[PDB]
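Quick note on our numbering: the sequence shown kicks off at 5 and runs consecutively.
I have placed the structure first, in the form of C-alpha cells, so that the comments after it can refer back to it.
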Amino acid sequence: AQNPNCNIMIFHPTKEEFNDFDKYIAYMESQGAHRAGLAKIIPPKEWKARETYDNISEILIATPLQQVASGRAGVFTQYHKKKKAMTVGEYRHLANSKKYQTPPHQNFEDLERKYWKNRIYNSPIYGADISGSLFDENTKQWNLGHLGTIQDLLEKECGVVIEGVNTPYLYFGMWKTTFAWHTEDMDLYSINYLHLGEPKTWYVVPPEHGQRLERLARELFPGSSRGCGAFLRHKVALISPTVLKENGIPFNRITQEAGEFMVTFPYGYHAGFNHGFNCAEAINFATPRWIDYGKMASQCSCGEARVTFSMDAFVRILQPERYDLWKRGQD
Ligand SMILES: O=C(O)CNC(=O)C(=O)O
Ligand SMILES: [Mg+2]
Ligand code: NI
Ligand SMILES: [Zn+2]
Numbered sequence: 005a006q007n008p009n010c011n012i013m014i015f016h017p018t019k020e021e022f023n024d025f026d027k028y029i030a031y032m033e034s035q036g037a038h039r040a041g042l043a044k045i046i047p048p049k050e051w052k053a054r055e056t057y058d059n060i061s062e063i064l065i066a067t068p069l070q071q072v073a074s075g076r077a078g079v080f081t082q083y084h085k086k087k088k089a090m091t092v093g094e095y096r097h098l099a100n101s102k103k104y105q106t107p108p109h110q111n112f113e114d115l116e117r118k119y120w121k122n123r124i125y126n127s128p129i130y131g132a133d134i135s136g137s138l139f140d141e142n143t144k145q146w147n148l149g150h151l152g153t154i155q156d157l158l159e160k161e162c163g164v165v166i167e168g169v170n171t172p173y174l175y176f177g178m179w180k181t182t183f184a185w186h187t188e189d190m191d192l193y194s195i196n197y198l199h200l201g202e203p204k205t206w207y208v209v210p211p212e213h214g215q216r217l218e219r220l221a222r223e224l225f226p227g228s229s230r231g232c233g234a235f236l237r238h239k240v241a242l243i244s245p246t247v248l249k250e251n252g253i254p255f256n257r258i259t260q261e262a263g264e265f266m267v268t269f270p271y272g273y274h275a276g277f278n279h280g281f282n283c284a285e286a287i288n289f290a291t292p293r294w295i296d297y298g299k300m301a302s303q304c305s306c307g308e309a310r311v312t313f314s315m316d317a318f319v320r321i322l323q324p325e326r327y328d329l330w331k332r333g334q335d
C-alpha cells in the first residue's frame with residue numbers, strides 16, 4: 005500500500021502533466037496521496053491563474069462574517085455574526101489595520117503558536133463563500149471555474165441525469181480567520197487555490213481515521229453531540245493540535261502559500277487558519293472513487309447545516325433512505 009503512514013504529499017507536475025486534471029488526480033491517488041486526506045500541488049513554473057490581481061478591489065463581500073469564539077484556547081466553537089457589506093478594497097484595509105493585522109513573528113511555527121494561544125480572544129472577519137472566480141477565462145489548466153461538474157460525474161458513473169450546478173467560491177481571509185473541522189458536503193473532494201496574499205495553515209485527519217476525530221468531538225462538544233448526530237457538518241468546532249495529540253488522534257499539518265493548490269480527499273477532515281490578508285478560491289469535485297463515500301456520508305438533519313440546492317439530488321440519488329428526513333432538516 006502506498007503512503008501507509010498517511011503523510012501529506014506534495015506534487016510538482018510538469019506543464020505536460022498539468023493538462024489533464026482527472027488523470028493527475030488519479031496519479032496522485034496511485035501514489036497514496038488520498039491517505040493523508042490532503043495534498044499540495046505546486047503548479048508548473050510556466051502556469052499562471054491570471055495576469056495580475058490589480059483590479060479585484062471592487063468585488064463585494066455582501067455578508068462578511070465576524071467569527072466569535074467560545075470555549076477554551078484549544079477547544080472552542082465559533083459563531084458567525086453577519087456584518088455590513090464591504091468591498092474587497094475595504095476588507096483588505098481592515099485586515100491591515102492595527103486591530104486585525106498579523107502580529108510580528110519569527111516564522112510559521114511561531115505564528116501557529118500565537119494562533120492557538122490567542123485565537124479565542126479576537127473575532128476576525130471572514131469574507132467566505134462568495135460565488136465567483138478569479139481565474140482568467142484563458143487559463144486552460146486547473147481553472148477551478150472550468151472543471152467538470154459533480155452532476156456530470158454522477159451521470160457518467162451512475163447513468164442518472166440530475167439537476168444542479170457546481171461553481172466556485174471565493175474566500176477573503178485575514179489573520180486568525182478560521183475554518184472549523186469538517187469534511188466536504190457529501191464527503192466530496194475539494195480543491196483550493198490560494199490566489200494571493202498571506203498563507204493558510206491546514207490540519208487534516210486521514211480518512212481512514214475520521215471516526216476517531218468524530219468520537220473525540222462528541223466527547224469535547226457533548227451538548228452539540230446530543231443535538232445532532234453529525235454536528236461537525238455545522239462547521240463550528242475547533243480542536244487544537246495539542247489537544248488532538250493529547251488524545252492520540254492521527255493528523256498532519258501543512259502551510260499553503262500563494263500560488264499553490266490544495267486538494268482535500270473524500271472524508272478527509274480538515275481545519276485551519278489564515279496568516280493575514282489573502283484570497284482563496286475553492287470548489288468541490290468528484291471522481292469515480294468518491295461515489296462510495298457519497299453513499300456513506302453522514303448528514304445533518306437537525307437543520308443547522310443548511311446547504312446548497314445541488315446537494316438535494318446527491319442525497320436523493322445516493323441516499324434515498326435518508327432523503328425524507330434530511331429534507332425535513334433542509335425545509
Ligand atoms: O479556505 C477556507 O476557508 C476553507 N476551505 C476549505 O475548507 C476547502 O477548500 O475545502
Ligand atoms: Mg474589482
Ligand atoms: Ni473544506
Ligand atoms: Zn445538525
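Here a beta-carbon is modelled for each residue, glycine too, at the ideal position from N, C-alpha and C.
Query	Result
Mind checking which residues open and close the alpha helix (DSSP H) that includes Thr181?	It is not in any alpha helix (DSSP H) - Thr181 carries neither H nor E in the DSSP assignment.
Assign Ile12 to one of two classes, buried (16 or more other C-beta atoms within 10 Å of its C-beta) or exposed (fewer than that).	buried
Would you say the beta carbon of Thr268 comes nearer than 6 Å to a heavy atom of ligand 1?	yes
Going by CA-CA distance only, name the one from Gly131, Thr181, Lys180, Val208 that's closest to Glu188.	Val208
Excluding the five sequence neighbours on either side, which residues of its own chain have a C-beta within less than 8 Å of the C-beta of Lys121, listed in chain order?	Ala77
Provide the residue(s) that pair with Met32 in DSSP beta bridges, ordered along the chain.	Answer by DSSP bridge pairing: none, since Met32 is not bridged.
Among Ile258, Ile60, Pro245, whose alpha-carbon lies nearest the alpha-carbon of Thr91?	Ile60
Would a check of beta-carbon distances place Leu158 closer than 7 Å to chain B?	This model lacks chain B altogether; it includes just one protein chain.
Look at the Cβ atom of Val240, then the Cβ atom of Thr18, and state whether they are nearer than 7 Å.	no
With three or more beta-carbon pairs closer than 8 Å as the criterion, would you say the region 289-302 touches the region 129-144?	no
Identify which residue in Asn100, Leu64, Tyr130 has its Cα closest to the Cα of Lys86.	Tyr130
Specify, as a first and last residue, the run of the beta strand (DSSP E) that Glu308 falls within.	Neither: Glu308 is in no beta strand (DSSP E) and is coded neither H nor E.
Can you tell me whether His16 is buried or exposed? The criterion is at least 16 other CB atoms within 10 Å of its CB, across all chains shown.	exposed
From which residue to which residue does the beta strand (DSSP E) around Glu285 run?	282-289
Take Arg216 and list the residues in its own chain whose beta-carbon comes closer than 6 Å to its own, dropping the five residues that flank it on each side.	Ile253
Is the region 266-273 touching the region 179-199 in the sense that three or more CB pairs, one from each, lie closer than 8 Å?	yes
Would you list the residues sitting across from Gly276 in a DSSP beta bridge?	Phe183, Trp206
Counting Cβ pairs, one atom from each stretch, are 3 or more of them under 8 Å apart for the region 162-180 and the region 217-228?	no
For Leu69, list the residues DSSP reports as bridge partners.	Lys86, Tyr130
Would you decide whether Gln35 is buried or exposed? Buried here means 16 or more other CB atoms lie within 10 Å of its CB.	exposed
Any contact between the region 100-108 and the region 278-288? By contact I mean 3 or more CB pairs, one from each, below 8 Å.	yes
Does DSSP put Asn23 in a helix, a strand or coil?	helix
Kindly indicate which three-state DSSP category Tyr197 falls into: helix, strand or coil?	strand
Name the DSSP bridge partner or partners of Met266?	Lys44, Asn196
Could you give the DSSP three-state label for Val240: helix, strand or coil?	coil
Just the C-alpha distance for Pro47 and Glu264, rounded to the nearest angstrom, thanks.	7 Å
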